[PDB]
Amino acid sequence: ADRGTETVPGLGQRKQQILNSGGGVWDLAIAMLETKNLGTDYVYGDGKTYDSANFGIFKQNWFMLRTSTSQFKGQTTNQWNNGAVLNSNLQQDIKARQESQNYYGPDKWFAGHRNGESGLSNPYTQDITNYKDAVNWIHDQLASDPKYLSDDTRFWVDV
């Protein structure tokens, strides 16, 4: 099976931090696909650098951060280490992602989040659509019972 459930100690505390730090159920769904622990403690930049570098609980990339958020408006590729603040500031992390999606719109945001600058030029590939559909499924699972907003259940999808 390409999707399912698992129980992760501490997840509910993370879900409630997200929902109490400006996040909605939609942000939770994206974050839940990004990491198992709703955390930022994957390797720095997810092992990537400059525009590809991933930061925050959604693993937003620096290209998206510098082009579409008020926190990083107008910054350069070389300034990519400036995104690291999102690894410790959840409020700004969520606000950045929400702003990013409002700048690009959901379609474009999905493409540029999933595939960087290249995704903006081809936003409806099968891979981006699959990622979109997985996030939608996870959101549907979380929305199906309020207990999933505070328990330790993770809904995962293999994209």
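Here, rigid core means the biggest group of C-alpha atoms that superpose within 1.5 Å across both forms. Start at 1 and count along the sequence shown; that's the residue number.
Averaged over structures and residues, the CA distance from the shown form in 5 other deposited structures of this protein after a core fit is larger for 117-125, of the two stretches 47-55 and 117-125. Here 58-66 and 87-95 are compared by their mean Cα B-factor, and 87-95 comes out higher. For the pair 107-115 and 43-51, the mean Cα B-factor is higher in 43-51. Residue 77: CA B factor in the lowest third of modelled residues in this chain (values from the PDB entry). For residue 37, the recorded CA B-factor ranks within the highest third of the chain. Only modelled residues enter the ranking. Residue 121: CA B factor in the highest third of modelled residues in this chain (values from the PDB entry). Residue 138: CA B factor lies in the lowest third for its chain, per the PDB record.
Remark: residue 11 belongs to the highest third of its chain, ranked by C-alpha B-factor as recorded.
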